[PDB]
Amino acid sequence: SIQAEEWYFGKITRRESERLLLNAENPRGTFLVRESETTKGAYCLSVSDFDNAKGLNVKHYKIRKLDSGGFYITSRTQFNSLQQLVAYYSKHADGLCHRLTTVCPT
């Protein structure tokens, strides 16, 4: 089901996620989910941001998945699915650079 998600890019590198997100047309919150390069079993949420100090830039957030079933960036805020995690962060910025807006174009 995760592999079926249009925002799930699978096995792409961190640099590739940055190449895709650093497009001048991408508004704040453009995002994608990929596998972590070095953490087995973990995903990575790559998100674009923009401000006058840094200009267009990218942030990465590790998503952990417990055998017990929960998905989360912070253990205080867990979800029953990756889909629910993405939906929540599309409404709440919380500690992220921006709420998730649009799926990163390829």
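Residues carry their position along the shown sequence, with the first being 1. What we label the rigid core is the largest C-alpha set whose atoms superpose within 1.5 Å from one form to the other.
Displacement analysis by core superposition in 7 other deposited structures of this protein ranks 22-30 above the other of 57-65 and 22-30 in root-mean-square C-alpha distance from the shown form. In this entry, the higher average B-factor at the C-alpha atoms falls on 48-56, of the pair 48-56 and 27-35. Look at the mean CA B-factor for 95-103 and for 3-11 in the entry; the higher one is 3-11. For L66, the recorded CA temperature factor ranks within the highest third of the chain's modelled residues.
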